[PDB]
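**Q** Quick one, what's the 3D model for this:
(one chain, ligands or ions: 4)
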Amino acid sequence: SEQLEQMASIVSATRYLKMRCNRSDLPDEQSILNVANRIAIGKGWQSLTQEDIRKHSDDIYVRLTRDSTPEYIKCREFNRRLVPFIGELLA
Ligand SMILES: [Cl-]
Ligand SMILES: [Cl-]
Ligand SMILES: [Cl-]
Ligand SMILES: [Cl-]
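**A** Numbers count the residues shown, from 1 in each chain. Ligands and ions are numbered 1, 2, ... in the order given. Provided below are the atomic coordinates:
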């Protein structure tokens, strides 16, 4: 599912920021998943569950850690790209 792929990618990138890019300001995993579930339900996505998003996000995260891009560039790319989602997270 592309909606699941999308949501899971946003959640895994946010985990990457928290774990490897010092983003102490971001909410916890439960909060992030709640917000992803809220967002999905607003977008009319009824099939997506927090467990589906969480499981796929785990798998994406592993792929992200293994990617040979320098870690600091990963951080810079995600910090720029997640600005909208982080606004929903902190709202
Ligand atoms: Cl950092
Ligand atoms: Cl759910
Ligand atoms: Cl769930
Ligand atoms: Cl590196």
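**Q** Please give me every residue in contact with residue 3.
**A** For residue 3, the contacting residues are 40, 43, 45, 47-48, by CB atoms under 8 Å, 6 or more residues apart in numbering. C-beta coordinates here come from the backbone N, C-alpha and C atoms, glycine included.
**Q** Reformat the residues you listed as TSV; add distance to residue 21 and neighbour count.
**A** Converted to TSV, the contacts of residue 3 look like this (distance: CB to CB, whole Å; neighbours: other CB atoms under 10 Å):
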residue	distance to residue 21	neighbour count
40	25	21
43	27	12
45	28	16
47	31	9
48	26	21
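**Q** Which of those residues fall in helices?
**A** Of the contacts of residue 3, the ones assigned to helices by DSSP state H are residue 40.
**Q** Identify, from the contacts of residue 3, the entry nearest to ligand 1.
**A** The shortest gap between ligand 1 and any of these belongs to residue 40, at 28.9 Å (CB to the ion).
**Q** What sits closest to that closest one if chain neighbours are left out?
**A** In space, and not counting its chain neighbours, residue 40 is closest to residue 48: 4.4 Å by CB to CB, 6 or more residues apart in numbering.
**Q** what's the spacing between the residue most central in space within the chain and residue 70?
**A** Centroid check for the chain by CA atoms, centre = their mean gives residue 11 as the closest residue, at 1.5 Å. Distance of residue 11 to residue 70, given as CB to CB, to the nearest Å: 23 Å.
**Q** any residue of the longest helix anywhere in the chain up close to ligand 3?
**A** Ranked by number of residues, the top helix in the chain under DSSP H is helix 2-20. No. Residues of helix 2-20 contacting ligand 3 under CB under 5 Å from the ion: none, with a closest distance of 12.3 Å.
**Q** Go ahead and confirm residue 79 touches residue 21.
**A** Yes. Applying CB atoms under 8 Å as the test, residue 79 and residue 21 come out as touching, 6.7 Å apart.
**Q** No further questions, thank you.
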